[PDB]
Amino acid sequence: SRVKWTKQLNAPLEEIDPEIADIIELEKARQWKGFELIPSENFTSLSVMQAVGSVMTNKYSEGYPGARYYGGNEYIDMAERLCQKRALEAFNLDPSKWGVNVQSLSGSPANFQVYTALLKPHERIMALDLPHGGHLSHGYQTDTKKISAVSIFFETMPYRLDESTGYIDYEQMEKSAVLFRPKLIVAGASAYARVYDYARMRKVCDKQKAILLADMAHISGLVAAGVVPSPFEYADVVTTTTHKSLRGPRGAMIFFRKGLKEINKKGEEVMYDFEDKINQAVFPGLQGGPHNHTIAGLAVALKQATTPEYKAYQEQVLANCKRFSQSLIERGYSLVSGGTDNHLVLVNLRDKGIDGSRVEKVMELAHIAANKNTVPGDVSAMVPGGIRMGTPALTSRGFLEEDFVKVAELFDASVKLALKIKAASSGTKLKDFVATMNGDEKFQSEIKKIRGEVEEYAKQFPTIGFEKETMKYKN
């Protein structure tokens, strides 16, 4: 019995669980053969994945470096201190001006921890509306329901895009803010094509005596590589995920100002007051022990984020996206805001006579990952009139500009085939669209032709995180 269970523990994945090993091999094939245009998705390095799947997952280390509750954390302390040092180092942060918490398990909980730390329950947040490019962790309630728990435990009011220009309406946000008296404002989007006017946000915030939180989840990589202006120039607190633009493990970081804020009008020192509160909201407030395996992975990701290879990659992300937007517009498409400053494009399909659900379904059965997105001009939010697409994943594969021109041509083909399926559709709901899409074989023929072109094009490019040879699904 005694050595049998020891061998069960050291047996590899292929011997103990063939079905999970096989699901992973299938997913490897799907990542190899597919166009990944979902801008929140990326391919994480083998280095990061080896650290994430290490024995660091075994150690319980409640607390912080040099103030832990459990013993035997000398090496875990080394890893977490190195992670903090490299985090401040990646975004060019003076350690006496800025502090960082790397224990946050993911983006949504990271924001909730900031709100719990800095706000009393029911205090007021403004953030970019979800159907306008905001995240659920900013707050969201419909006409009918509280969707995000941020809206349950705090009072949230959205600020919206200018419907005609597709940029954030800062004139309506400032007016809104004088009336609503928010204690914190979130500068951070998921589905926004442009760069925040952090200077204007800081002005609105210190007039309204408000906290400036930046959610740079979507662009964190870009600001580590200096290709887009750093929110750390103006923000009081910056949160991010570690796994999007930044391309590390699934996790989060909370940066905050520390040290001296200013001298006030009586000559006394005003000290920043976010470190203790954020650190305590994370633990023992809302989390327990940290995930030291993901902290090790994040430390490796942050070392990669400071290299010239990384800077090259993210200026490529930007250039690929500029050329992608040019191709999309020249093919006869409307972008909201009419271009991009970053890693994504939001296509407004309203003028082509089809919405985002039908286009997304056709694109997916052709192995091109996009996601339906609401657009300015949408009457509903349940019926999205747009499609969101991004570069970072395929660019990580080594896609360059010509390659995104081919992907735009295949997207054009997908939209036109989706228009043909809508014309021939035997109904008006989404189920009838999918019915005629899989009840006519002309459309299934053209779907497989598009899929075939996508797979032949994608397979030419390197696999990230594993080697093509030792795969299980080569054909």
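Numbering starts at 1 and follows the sequence shown.
Legend: mean Cα B-factor per stretch from the PDB entry, 208-216 versus 85-93; the higher mean is in 85-93. As listed in the deposited structure, the average C-alpha B-factor of 442-450 and of 39-47 is greater for 442-450. The top Cα temperature factor in the record, among 307, 264, 230, 101, falls on 307.
Note on the listed residues 237, 381, 152, 199: the highest Cα temperature factor in the record is that of 381.
Residue-level temperature factors show residue 338 in the middle third of its chain, judged at the C-alpha atom.
Among the modelled residues of the chain, residue 377 sits in the highest third by CA temperature factor in this PDB entry. Sort the modelled residues of the chain by CA B factor and residue 243 lands in the middle third. Compared with the other modelled residues of the chain, the Cα B-factor recorded for residue 141 ranks in the middle third. The deposited CA B-factor of residue 159 belongs to the lowest third of values across its chain.
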